[PDB]
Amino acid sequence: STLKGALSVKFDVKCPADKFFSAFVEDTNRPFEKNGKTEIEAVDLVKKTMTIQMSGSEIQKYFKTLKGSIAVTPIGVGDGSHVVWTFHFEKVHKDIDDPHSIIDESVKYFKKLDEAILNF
């Protein structure tokens, strides 16, 4: 299938995973664009894992199918944690670019979600 695929980035966050995941899960109540639509397809508040459906007249100009799955993992003891993110997608047509910009920005969104918790 020349349309399906995914892109997953793994990076580190300064604060413990327990507050990181919960804070992210809560912020998904706010859409990610004007006509944004998110939907919880899977979630586990113990292991800190969640899959979400995300659509909107904008992000839909490229992906007819886009899901974002997060998985957070504490590093040490109160020393930060890992945070892998994915966009299990299905583009409208094969010429659409893989979501390298949508995920680099997701990472930006996460680097800030870490600074806001850490200092608040």
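When you see a residue number, it is the position in the sequence shown, counting from 1.
Annotation for 110-118 versus 4-12: the higher mean temperature factor (C-alpha) is found in 110-118. For the pair 23-31 and 70-78, the mean B factor over Cα atoms is greater in 70-78.
Sort the modelled residues of the chain by CA B factor and residue 88 lands in the middle third. When the CA B factors of the chain's modelled residues are split into thirds, the value for residue 53 lands in the middle one. Residue 37: CA B factor in the middle third of modelled residues in this chain (values from the PDB entry). Among all modelled residues in this chain, the alpha-carbon of residue 64 has a temperature factor (C-alpha) in the lowest third.
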